[PDB]
Protein chains: 2
Amino acid sequence: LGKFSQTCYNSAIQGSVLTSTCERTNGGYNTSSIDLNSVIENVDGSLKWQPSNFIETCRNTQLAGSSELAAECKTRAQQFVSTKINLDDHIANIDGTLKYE
Amino acid sequence: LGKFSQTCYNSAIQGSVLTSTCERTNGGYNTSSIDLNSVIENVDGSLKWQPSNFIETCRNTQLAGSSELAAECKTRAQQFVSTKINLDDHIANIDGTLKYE
Ligand SMILES: CCCCCO[C@@H]1O[C@H](CO)[C@@H](O)[C@H](O[C@H]2O[C@H](CO)[C@@H](O)[C@H](O)[C@@H]2O[C@H]2O[C@H](CO)[C@@H](O)[C@H](O)[C@@H]2O)[C@@H]1O
Ligand SMILES: CCCCCO[C@@H]1O[C@H](CO)[C@@H](O)[C@H](O[C@H]2O[C@H](CO)[C@@H](O)[C@H](O)[C@@H]2O[C@H]2O[C@H](CO)[C@@H](O)[C@H](O)[C@@H]2O)[C@@H]1O
Ligand SMILES: [Mg+2]
């Protein structure tokens with residue numbers, strides 16, 4: 001997994017946002033960023049990777065109306081139920097960029 | 001907090017990625033996306049907002065060499081200490097776009 005530095009360049013960190021220019025699979029480049037605020041955490045002074053289970057335990061995501069995410073998710077008893085969350089709670093528009101605060 | 005809805009149009013979810021087109025602080029529009037793989041978590045069937053204390057508890061972030069992030073973070077005891085993590089463990093260049101996997 002990982003290894004972006006092998007095929008990307010001119011990276012920069014700004015607060016918690018990583019930005020870099022990376023080789024596409026066609027042969028040109030693209031510049032994107034990814035906010036690390038929700039990818040890593042601080043356990044007693046040490047940075048570590050924050051895991052999540054959305055992608056492995058939920059399926060069939062959909063946008064309901066303007067801002068509501070609907071999906072099906074596995075429960076402790078190992079079935080799938082329907083669940084919904086309002087993305088407006090914590091997803092903001094910060095100057096034309098979607099952010100999680 | 002959040003409320004991206006009120007100033008974005010054409011929002012879409014695909015997989016765990018949300019895309020929307022949002023207004024800039026003063027006209028102009030930008031389309032952008034955020035990968036919810038790391039912002040949401042399933043607890044017993046329900047989509048939950050995943051917290052991280054990185055922003056809240058660390059500072060002085062910095063890229064060192066080509067892939068290490070360095071920062072100082074508070075121990076549970078409230079002291080700052082420097083710490084570092086290799087972004088290459090899990091930051092990938094996926095066809096020109098940085099992803100956390
Ligand atoms: C293009 C219309 C020009 C007039 C709008 O002016 C607003 O007034 C304030 C000055 O900054 C500010 O509240 C607004 O910034 C808000 O909305 C713009 C989008 O039009 C954003 O670019 C900016 O980040 C800020 O967004 C926040 O509030 C929004 C709800 O109104 C919400 O949609 C976002 O998630 C942010 O929380 C704007 O400049
Ligand atoms: C002129 C010949 C190039 C033809 C394309 O094939 C390449 O070689 C491999 C095919 O088996 C393949 O691994 C390569 O893919 C990756 O690299 C490109 C950019 O070079 C990315 O766009 C793509 O997402 C994928 O990135 C991954 O590989 C890198 C390690 O090389 C790493 O830096 C990234 O983080 C990803 O792990 C290419 O298609
Ligand atoms: Mg997270």
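Per chain, numbering begins at 1; letters A, B, ... match sequence-line order. When reading the values below, keep in mind they use all heavy atoms of this one structure, side chains included, and skip hydrogens, waters and symmetry mates. As the structure lists them, so they are numbered: ligands from 1, and atoms in each ligand from 1.
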> Is any NZ, NE, NH1 or NH2 atom of the basic residue among A:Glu68 and A:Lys84 found under 4.0 Å from an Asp or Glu carboxylate oxygen of the other?
Replying inline: no
> Around the Mg ion (ligand 3), what protein N, O or S atoms are found below 2.8 Å?
Replying inline: A:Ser38 O, A:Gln50 OE1, B:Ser38 O, B:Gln50 OE1
N/O pairs closer than 3.5 Å, ligand 1 and protein:
residue, atom, partner, partner atom, Å
ligand 1, 20 (O), B:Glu23, OE2, 2.0
ligand 1, 22 (O), B:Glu23, O, 3.2
ligand 1, 22 (O), B:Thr25, N, 3.3
ligand 1, 24 (O), A:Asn93, O, 2.9
ligand 1, 33 (O), B:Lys3, O, 3.0
ligand 1, 33 (O), B:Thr7, OG1, 2.9
ligand 1, 35 (O), A:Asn93, N, 2.6
ligand 1, 35 (O), B:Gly2, O, 2.9
ligand 1, 39 (O), B:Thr25, O, 3.0

> Could you give all pairs that pass the salt bridge (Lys or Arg N to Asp or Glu O under 4.0 Å) test and reach residues 25-54 of chain B, with sequence neighbours left out?
Replying inline: A:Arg76-B:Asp44
> Same cluster or not: are A:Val17 and A:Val39 linked, directly or through other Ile, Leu, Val, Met, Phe, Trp or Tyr residues, by side-chain heavy atoms under 4.5 angstrom apart?
Replying inline: no
> Is any side-chain N of the basic residue among B:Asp95 and A:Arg24 closer than 4.0 Å to the acidic one's carboxylate O?
Replying inline: yes
> What are the two closest non-hydrogen atoms of A:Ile91 and B:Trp49, and how far apart are they?
Replying inline: CG1-CH2, 3.9 Å
> Is there a path from B:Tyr100 to A:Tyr100 through hydrophobic residues (I, L, V, M, F, W, Y) whose side chains come within less than 4.5 Å of each other?
Replying inline: no
>> Please check if the number of heavy atoms outside A:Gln14 that lie under 6.0 Å from its CD is greater than 12.
In response: no
>> Enumerate the ring-ring contact (aromatic ring centres under 6.0 Å, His included) contacts for residues 4-47 of chain B, please, sequence neighbours excluded, ordered by first and then second residue.
In response: none
>> Other residues, nucleotides and ligands only: do more than 12 of their heavy atoms fall within 6.0 Å of CG on A:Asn26?
In response: yes
